[PDB]
Amino acid sequence: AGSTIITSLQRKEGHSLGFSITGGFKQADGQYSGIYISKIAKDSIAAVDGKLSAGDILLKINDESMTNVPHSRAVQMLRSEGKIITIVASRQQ
Amino acid sequence: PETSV
Ligand SMILES: [N+]
Ligand SMILES: [N+]
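Residues numbered from 1 in each chain as written, not as in the entry; some residues may be left out. Chains lettered and ligands numbered in written order. Heavy atoms only, no water.

Its PDB header names X-ray crystallography as the technique used to obtain the model and reports a resolution of 1.15 Å.

In structure tokens form, the structure reads like this:
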């Protein structure tokens with residue numbers, strides 16, 4: 001089912017984390033689609049940390065599941081954290 | 001929708 005990628009990013013005041021997300025929309029079966037990293041900004045905090053990749057599926061932010069959640073909930077959780085944020089993701093070959 | 005964070 002892939003391999004687990006885990007990193008804790010440290011936000012610098014004034015800055016984004018450095019990646020974008022897509023997904024989290026309700027499907028015909030009532031579940032939300034997965035939330036995935038769609039880009040990582042060059043030279044950003046996420047890029048310098050280096051662990052995450054575009055295409056990774058987000059599984060957790062800190063203690064909160066990112067499975068079966070709306071897009072806006074994932075965005076809110078990311079934007080809520082002003083210093084350290086733990087990202088748990090999964091990546092398939 | 002793709003969102004930068
Ligand atoms: N860490
Ligand atoms: N939705």
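Asker: Give a detailed account of the interface of chain B and chain A, specifying residues and quantitative values.
Answerer: Taken together, the contacts link five residues of chain B with 16 residues of chain A. Interface area for chain B against chain A, summed over the two sides, is near 810 Å², with a carbon-plus-sulfur share of 53%. Linking chain B with chain A are one salt bridge, by the criterion used here. A salt bridge links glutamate 2 of chain B to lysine 39 of chain A; its shortest N-O distance comes to 3.7 Å. (Contact = heavy atoms within 4.5 Å. Buried area = accessible area lost by both parts, 1.4 Å probe. Salt bridge = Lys/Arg side-chain N within 4 Å of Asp/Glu carboxyl O.)

Asker: Can you break down the nonpolar core residue by residue, with the values?
Answerer: Residues and elements named next belong to chain A. Within the largest apolar cluster, 22 residues are counted, with the highest numbers of intra-cluster contacts made by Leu9, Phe19, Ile21, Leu52, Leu58, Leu78 and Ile87. Contributing elements (two or more residues each) for this core: strand 1 (3–10), strand 2 (19–23), strand 3 (35–40), helix 1 (45–49), strand 4 (57–61), helix 2 (71–79) and strand 6 (84–91). Apart from residues no more than four positions distant in its own chain, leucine 58 is found in contact with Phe19, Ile21, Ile35, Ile37, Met66, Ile87, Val88 and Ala89. (Core = buried A, V, L, I, M, F, W, Y, C linked by side-chain atoms within 4.5 Å. Buried < 20%, exposed > 50% of the residue type's maximum accessible area, 1.4 Å probe, protein only. Helix = DSSP H or I, 4+ residues; strand = E, 2+ residues; numbered from the N terminus.)

Asker: Tell me about the pattern of salt bridges, and name the residues and values.
Answerer: Residues and elements named next belong to chain A. Under the criterion given, the structure shown has three salt bridges over all chains. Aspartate 43 is the salt-bridge partner of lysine 42, the closest N and O atoms lying 3.4 Å from each other. Pair check on accessibility: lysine 42 and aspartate 43 agree, each one exposed.

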